[PDB]
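We're numbering straight along the sequence, starting at 1. Atoms within each ligand, like the ligands themselves, are counted from 1 in listed order. As a basis for the values below, the full set of heavy atoms in this structure was taken, side chains included, without hydrogen atoms, waters or symmetry mates.
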Amino acid sequence: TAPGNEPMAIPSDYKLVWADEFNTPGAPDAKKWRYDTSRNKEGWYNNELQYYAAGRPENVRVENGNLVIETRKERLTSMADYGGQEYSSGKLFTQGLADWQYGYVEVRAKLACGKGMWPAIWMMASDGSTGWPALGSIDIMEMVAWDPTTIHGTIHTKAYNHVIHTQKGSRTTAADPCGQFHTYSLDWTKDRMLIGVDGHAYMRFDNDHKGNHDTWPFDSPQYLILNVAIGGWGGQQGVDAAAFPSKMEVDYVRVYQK
Ligand SMILES: OC[C@H]1O[C@@H](O[C@H]2[C@H](O)[C@@H](O)[C@H](O[C@@H]3[C@@H](O)[C@@H](O)O[C@H](CO)[C@H]3O)O[C@@H]2CO)[C@H](O)[C@@H](O)[C@@H]1O
Ligand SMILES: [Ca+2]
């Protein structure tokens, strides 16, 4: 629904304005990432099966220059916010720490595989007053590991979203995404978004320039989100116990702006 076919690359006139190179082993940098626990006890959206553990190295850690988000089959019943889940995982976002209006986002990542796994690199608007989906969401990368070579790039707005099946997205494939790094990229300007892998946009979404927040909510800042969900879209061919633990490794997040 949002086909692209054009190169993409860090614009020559942009500077690197924000980066997490995951240089510092241990916990993620608290000045860059917060943990999202907001629906642990209730159950996450999308019929998701994971508990997202905050402050827990087994799920979220920096090692050897990479962020590691790791899913595990386990019941974290000692957690006050435990929601009865069979799995643990990690969700980090830059909410309240850093956000961007326009820019080139480049994330170099090795994905988490195993039927059930749903790694994602995405964004939501800092101003959520209009609620989901109207606020505007940018999926720079989703993969569901029943189809682990397929890379999905999607935007959601009030007009264009998955609840009403009008989401603007595309897909491509990439070599062994769980075994080798690729670059997952967004080029967002006032005119359009390109979403790509390894310097190729497979997804394009234009600003129609109608000043309709329903079709272009993207003239306000967005923060970045990294997670690995379990089940929902990831669970289309079940959740494979033998797949755990599974990890997404992120070498870096770099954000460029004019
Ligand atoms: O169902 C209404 C509730 O929606 C909440 O928002 C969720 C939404 O339900 C869920 O579908 C969505 O899922 C994300 C995808 O749209 C896509 O953007 O990729 C993400 C990464 O895979 C995936 O999580 O997430 C929305 C935000 O959590 C509202 O938060 C809630 O107020 C509302 O009642
Ligand atoms: Ca690194």
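Close approach to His156 involves these atoms of ligand 1, each under 4.0 Å from a residue heavy atom: 16 (O), 17 (C), 18 (O). Taking every non-hydrogen atom of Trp118 and a distance limit under 4.0 Å, the qualifying atoms of ligand 1 come out as 22 (O). Applying the 4.0 Å criterion to heavy atoms of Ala120 picks out, from ligand 1, the atoms 21 (C), 22 (O).
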### Query
What's the verdict on side chain to side chain donor-acceptor pair (under 3.5 Å) for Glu74 and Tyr51, showing C-alpha distance, side-chain angles and the deciding distance?
CA-CA 9 Å; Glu74 57 189 356; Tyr51 173 87; over 6 Å; no
### Task
May I have the step-by-step check of side chain to side chain contact (heavy atoms under 4.5 Å, CB included) for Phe22 and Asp251, ending in yes or no?
CA-CA 7 Å; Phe22 301 114; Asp251 184 10; over 6 Å; no
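In terms of distance to the Ca ion (ligand 2), the nearest N, O or S atom of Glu21 is named O.
Between atom 33 (C) of ligand 1 and the options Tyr45, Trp122, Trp233, the minimum heavy-atom separation is to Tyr45.
With a 4.5 Å cut-off on side-chain heavy atoms, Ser246 and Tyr87 do not count as touching.
The shortest non-hydrogen separation linking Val239 to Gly116 is CG2-CA, 3.9 Å.
A cation-pi geometry, defined here as NZ or CZ lying under 6.0 Å from the six-membered ring centre and within 45° of its normal, does not hold between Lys73 and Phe244.
Taking only nitrogen or oxygen atoms, main chain and side chain alike, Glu142 reaches within less than 3.5 Å of ligand 1.
Not a single N, O or S atom of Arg108, from either the backbone or the side chain, sits less than 3.0 Å from the Ca ion (ligand 2).
Residues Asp176 and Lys110 are not paired through a salt bridge, judged by the lack of any N-O separation under 4.0 Å between the basic side chain and the carboxylate.
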